Amino acid sequence: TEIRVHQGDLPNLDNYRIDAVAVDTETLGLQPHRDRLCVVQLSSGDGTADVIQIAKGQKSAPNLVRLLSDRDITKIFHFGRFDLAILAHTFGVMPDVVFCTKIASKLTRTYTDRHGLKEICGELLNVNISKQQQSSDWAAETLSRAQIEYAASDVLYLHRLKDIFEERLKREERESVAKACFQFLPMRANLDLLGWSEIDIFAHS
Amino acid sequence: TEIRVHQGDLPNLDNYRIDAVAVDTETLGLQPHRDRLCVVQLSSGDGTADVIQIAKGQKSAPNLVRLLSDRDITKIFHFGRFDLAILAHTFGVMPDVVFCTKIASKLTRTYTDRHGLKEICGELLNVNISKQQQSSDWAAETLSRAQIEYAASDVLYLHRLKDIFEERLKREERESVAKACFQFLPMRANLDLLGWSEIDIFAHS
Amino acid sequence: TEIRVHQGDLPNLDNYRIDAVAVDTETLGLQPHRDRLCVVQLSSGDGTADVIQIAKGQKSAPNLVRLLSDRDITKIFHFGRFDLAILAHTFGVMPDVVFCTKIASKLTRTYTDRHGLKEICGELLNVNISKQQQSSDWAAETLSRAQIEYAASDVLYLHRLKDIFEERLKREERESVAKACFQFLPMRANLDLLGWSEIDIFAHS
Amino acid sequence: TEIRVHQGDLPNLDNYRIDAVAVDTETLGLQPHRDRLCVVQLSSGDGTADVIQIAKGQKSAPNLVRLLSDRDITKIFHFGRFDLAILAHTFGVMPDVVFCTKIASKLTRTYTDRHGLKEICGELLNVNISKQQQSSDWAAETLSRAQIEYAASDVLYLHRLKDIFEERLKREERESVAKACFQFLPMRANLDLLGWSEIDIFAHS
Amino acid sequence: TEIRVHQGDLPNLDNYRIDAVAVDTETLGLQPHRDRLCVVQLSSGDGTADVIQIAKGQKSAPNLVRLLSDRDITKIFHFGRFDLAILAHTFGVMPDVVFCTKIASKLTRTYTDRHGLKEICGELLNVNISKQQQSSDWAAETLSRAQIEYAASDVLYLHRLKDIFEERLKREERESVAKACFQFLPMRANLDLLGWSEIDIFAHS
Amino acid sequence: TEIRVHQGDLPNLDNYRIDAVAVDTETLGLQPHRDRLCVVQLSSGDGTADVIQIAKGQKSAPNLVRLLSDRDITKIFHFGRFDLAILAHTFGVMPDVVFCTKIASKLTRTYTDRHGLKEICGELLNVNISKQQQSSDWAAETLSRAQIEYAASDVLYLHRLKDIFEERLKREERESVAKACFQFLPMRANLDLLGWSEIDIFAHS
Amino acid sequence: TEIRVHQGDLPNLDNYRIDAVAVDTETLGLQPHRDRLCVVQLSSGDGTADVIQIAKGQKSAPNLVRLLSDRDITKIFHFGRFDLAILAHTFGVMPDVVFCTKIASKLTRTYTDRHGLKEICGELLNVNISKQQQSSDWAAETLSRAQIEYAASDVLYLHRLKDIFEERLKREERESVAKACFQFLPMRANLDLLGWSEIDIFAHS
Amino acid sequence: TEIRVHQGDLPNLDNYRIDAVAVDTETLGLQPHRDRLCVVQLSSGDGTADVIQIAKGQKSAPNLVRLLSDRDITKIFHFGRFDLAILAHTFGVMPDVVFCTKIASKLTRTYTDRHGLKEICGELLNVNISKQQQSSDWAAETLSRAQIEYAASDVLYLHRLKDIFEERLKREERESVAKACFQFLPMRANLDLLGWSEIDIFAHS
């Protein structure tokens, strides 16, 4: 649908006077200390998305960061463990009110071992997400139309998933488990930034 | 060392008007749904210990449970993930103010991969704990003297370790990380009881 | 295909005055202590099937359990190790006269290592079994038509397989081996319920 | 200890008018079709043992086979899965009333993963069995004194172990599980002889 | 594409007055002691094949066995290690003049790791072998036409492959290497029959 | 395209008075001591290629070796570790001014784990390389048209890739890292020839 | 032995007007971004050593760094890949004239797979290195005598090993191999610092 | 005992007019193309041995190679697969009358998985071989006395082992199996030299 592309930051928050915002990122790789943040995508759940290109060496994005810091607004991620880490490493603010659809999937879709976003969207919404058959240079000065549409597709459905997962968590009486997991998730991301990314800190060995 | 052996429960809490209590358990195995709790050992950090034999089918232990429920008293474990699970499964109360020396070791003793209690005690206190060369039936009606001495030896040093680990956590500026881990540890134990004991809930796969 | 869908139980056993009944289950997952029984499917071997949706917390299903307890009726399963476990956990009655097509396949189809129901039906009957709905929300209040047809397809062919496998077991002179395996299968399922689900009880290690 | 050595068979059954006999074997290796049975040792549970040297190509041992066939005498083995296989392969008779200390250990000593005979004897009886520091040619025409004493040491304690394991099976309410396992054990051995020795017939894969 | 189907044995050797014969087998599985020989296939190198059904318990096939033991006729196999084993086990005669296309492939097609018959036929002859969609009951009294054609397809091309592989062995100067491997192959099969099927007899460990 | 096929050597260097030449090889396999060099392909980057057939036992190729030795011409490879080894082993000259697109990919395409030439050409240039549908000999006296066109396709695009990778290396400020890696790559190939091909010489173990 | 312990830096370079200096480090762990440098050890090759305690957050050590940047002085390490990384990370200077005894061992001691310092010293010098029986806190304000003597023992023998290894490299004609490996080693360490510490940059996969 | 040390070759064969000679080698490592032959040991089976130091680059040893070529003299090895390879690589002559105690052990000592020379000598002869406490430089100009004695100990007992293994091979009726294995063993070594050292040429994959 409508995808608004920005350089550096949102112009304002007129579209984000809401109770929950869907958030995703794109980077040059899986290691936040080496691989810089290149794109941030946002959606209010109204079927539109904002795509913000982040410049190399950029240290601040005040409007976006105010949104990320607002404790009255839940940030919805799929596998937020990574996005939280890269966002905190880049802008210096660790979000602390979050919902993760992957943790929710692992707590509710107990009849499968496939917890990726594509499988969740397919099963829960009968929506077919098409995943790029190649990767791309997210640090490119000009993003392609295909890149923009792929980047937007990762945030367009997270509100609907959160609603369904919240009903299922209520149904199976696991709400407090999920709440505690989401409360701990930002510290799991911090542990990743500090150097324990390969360690399950709670395991016996 | 003075070891007081009790049947079922502590007679009173006269010996436990303190800020922190060391706690450990002994079971018939690693699976709380199959392997029953057999012994609970406690120490005030003094030179004496209390060893409480738990009967088959015992569902209540009012004095012990008061300690486990008292939010004003920190419960010290080594690998509390297991002990919390078996205690909650046995008595129906999940402690929520805990300190775990194994998590603290993983957060401070970054120069080694051996985090067992014997090795920790050896490095931090130059105390040699001798571990039994065989296992035994902890459900026996009468415990042997060797069993009682081993059970007491498992709690006598956790206070000194906690003091040292708190010094190290302050030194390396990891106090808030440890605090968040300890806050989440009871829910990790509940996740174990509910059926996710073999799953790292935060891993990508 | 005629599929009769019921809530809670069969109305009567008028359609099941027979020597063998095909049985299958659906659940929320592979772990009976966490994942509740959601659907039970039955077939008389005719062109119709019964699909009984089981409610959350349901403890009783007298007509179904009566059928399961009738020692004059052989219960046919594919991989009955699981179905027997979940049935016994849910209703408290362990069937003791059973036939399992997966054990029979391993005892007769020695020229292949693929013993799943789809492959067996393909080889033995030239019948094409489809999929995709296997991983779906079986706890939904209203099952979809696709879910109902997929659930029924799992019982429609077990009688024909039992007939062919009995012929093959006779041909290779392995009938008494199979009979002994079927006699032990309920105890293998009980061992699973008691906590040895990950243990080969007969292995050296 | 008194060890009576015989060639071929017992002279008579005067010492074996008893309710249970301990049985063990020695062979040229683990594969009954290649590696012949070389020695059979028996004990009445007293302080003496019988060691019977079996000749190459020997097809019959009437007194021994009388014991193996007698349904009024329980045959005690440690890991009878192997001994039953080699005995049935050699003499054509499969015992069908058996007790196995390894299954009993796996059903009762749930607090350890070490189920060897040495560990069981050490824990349950505080008896130290010394195992040969070298292997040897059990097919030798004349066994050494060290060989004979080692071979006998494998049967002198099985009665005492069976008595203790019977107490634990009663205490933990697993008597019927053990009984069903013992009934299936001869068929597990037959499955081994027929060619499924590397296959857990009850596993999903 | 003449395929002559026989019961028990060839009627005579009029079509096999030749210097080399292509040979293949079908069985109930990979373990000769458990899985009986069901079919023997022969080819003169022409466009026709002979498919011989072997009965359960059959001990003799004088014309076939005469062919197998005639040292002036080279027997061509693909992976003859197996066929030689099952033939020797069934009829009591081990061929000693053989050619194996798998050894030849491993000695000449060093630029690939895929040495199956389909890949060899595709690369060297541009012949497309179509493999069944599953395995089948080769012990059936009447083989289907599709089964017969597949069985014939396995021998129709071995002469042409032998000719090409001989050219390749001459080109890379490995004729004596291949000859020594072929000389040892019957004894490798004997080791398999005797019980070393899982052992590389030449490996250090 | 125009592909010039030669026997033994280039006729002259009239087409190669240039700053960089794309180089690839084909062999009988991955082991230079066993598997001889069969074809060398070259391109100046003008959309044409030279395909040079190397004879068995050929020790010299004077015009080609002049190109390989000339320090003013950068030799571009994909996974030059192999090509450098086989070229030096065959003609006795190790190139020392090289660029490798695989090392460059590992230093720049950090967002993917697929670094093969097909994936790089597909992703970076939107060019579809169609690879062999089987293997080939390459030792054939006369190469097929399909072989020649496939062989040429491996050098036609390396100049464009080198240009892009050099731009990306500049963007992420990794030029000196790549330069040091390329300086060491010939010595890595030499280490392979001397016998350390299976050893990461820099690993702790 | 004489061991001089310093705080922060060497007092002067009066003892290091030499051609080669032995260098080793101790840290809080294997990950330079998390685990700080705690101790630096130096030796002139005589019977004395210098042990320099490095403070938390220390950015400068001018005399030490003069040694590190003196192109006329070879720095001898055992497994310098790590020490170079941690030194460059801490003080911002990468030594570029180095010798590593582990690379030399892998290039000369080809008859063994054990390349640790204890085994090398044992074989080459008949010197017994005693390894600490526990791990310790190298960040302690005051190191114990056992710690100081252990830390010194790691540098006292590197000169003698370098002499012997140089003889071995000349004898086996691998001098140029070693020189190229040593020249690349600082860049391998830089690659570790940049984020490729887990990647063999030269491997095919 | 008496150990005669020579450089290059035996002075004559006066002590080796015998029907079987024990042979062993020492090298700089496991890869014959990289790691040169350093020592050859010989024994007549009496209480003395000859130890011959081989110089770097030495291409001929006429008396030794005369011994190796003599078809009337059986060469006894332990794991001759390696020694045959290195001998053929060094002197160009492949022995073709051999006996290997390791193959014999694998064909007779079926009751164990431990086939090393030390274990064999311990079991079969009650002879204690003491193995070096480290590795050493076998290319040293002067071998130490301890080195010479260790090297000699590997040949002093092979005759007695051959006699015992031949008795056992007769007893289990595996003489023709062993004979065929020994005939192929030189060709297994040739395959190693040609480049198939890591390939079981007879395996399915």
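Going by the order they are written in, the chains are A, B, C, D, E, F, G and H; count residues from 1 in each one.
As a convention for this text, a residue touches a chain if its C-beta (ideal position, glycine included) is under 8 Å from a C-beta of that chain, and two chains touch if they have at least 3 such contacts.
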Which one, B-G, E-H or A-G, has the same contacts as C-E for more than half of its contact pairs? B-G
Given the two chain pairs E-F and E-H, which is bridged by the higher number of C-beta pairs in contact? E-H
Mean-CA-position distance for chain E and chain D (Å): 44
If you average the CA atoms of chain C and of chain D, how far apart do the two points sit, in angstrom? 37
Chain E and chain G: spacing of chain centres that average the CA atoms, whole Å: 62
Computed distance of Cα centres, chain F from chain A, in Å: 42
The positions of chain H in contact with two or more other chains are 31, 34-35, 194
Chain B-facing residues of chain C, complex: 31, 33-35, 194-195
Touch list for chain H against partner chain E, complex: 79, 81, 102-103, 106-107, 115, 174, 177, 180-181, 183-185, 187-188, 190-191, 194, 196, 199-204
Given the complex, residues on chain B that touch chain D span 27-29, 31, 34-35, 134-139
What residues of chain B sit close enough to touch chain G in their complex? 109-112, 114, 119, 122-123, 171
